């Protein structure tokens, strides 16, 4: 109840035959989610970075299908982000990154593989869920200085109550590595200034977290997220949709497969 108060109190201050199409832009994030409620269509909220170098964002509301239609060519709608709605069920995902200069002998492949091998073990012990690297969409946005990878888990009929509970799960199973201010040593890496922190970014599990979309780049640079070469997740091939659209749907954190046997995973801190 304390969260919805900050949203309502910020709102009072902020105010002081064509084919079926839905394409609404909103200056405020709250306005977008309000429209989603009074919509009835399977619509979702995206965030676009404005030409301003800062993180100033505008919020687009439309379906996953229509969005990809005006987005697949990559001539327009660059620097887009998925708004992971709070309280909404979502997939297990990761934001992985370390500074290459400050970490000479850190192999990016073995680190992500060992990380997956560990989380999969954790999913088995705590929740009985079983999966392997074959269920992990591996994306890359690395440069010559930053090894940047996004992992989106594609679990069979499983999801988390929301992204906050995802964070409680990772802080829990990554506590052995958090103590290093289960041999989770490969997680520790030297940051920008040689300070030792974790290979896993635990700051992407907040309410209404933006998350850069598949084939999008930050407004600054020009390196877009793309599927790695060692990725082991392959969507099912369908004749009614393109393979790129399959990866796009898989990459969406808040696009949980509709299933009549869905298990919702929770985790309190």
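Residue numbers count along the first chain shown, from 1.
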Please determine whether residue 12 lacks coordinates in at least a third of the other PDB entries of this protein that model its flanking residues. no
Mind giving me a quick count class for deposited residues absent from the model between residue 181 and residue 182? Options are none, 1 to 3, 4 to 9, 10 or more. 10 or more
How much of the deposited sequence is absent from the coordinates between residue 16 and residue 17: none, 1 to 3, 4 to 9, or 10 or more residues? 10 or more
In the PDB record, does 206-214 or 24-32 carry the higher mean Cα temperature factor? 24-32
Of 119-127 and 100-108, which one has the bigger average CA B-factor? 100-108
Sorting 73, 192, 138, 168 by Cα temperature factor from the record, which one lands on top? 192
Taking the Cα B-factors listed in the entry, which of 219, 200, 65, 227 comes out highest? 219
Sort the modelled residues of this chain by their C-alpha B factor and say whether residue 91 lands in the lowest, middle or highest third. lowest
Taking the values exactly as deposited, rank residue 242 by C-alpha B-factor within its chain and report the matching third: lowest, middle or highest. lowest
Chain thirds of CA B-factor: placement of residue 251: lowest
Just say lowest, middle or highest third for the CA B-factor of residue 162 relative to the other modelled residues in its chain. lowest
Residue 134: C-alpha B-factor third of its chain, per the entry, is the middle
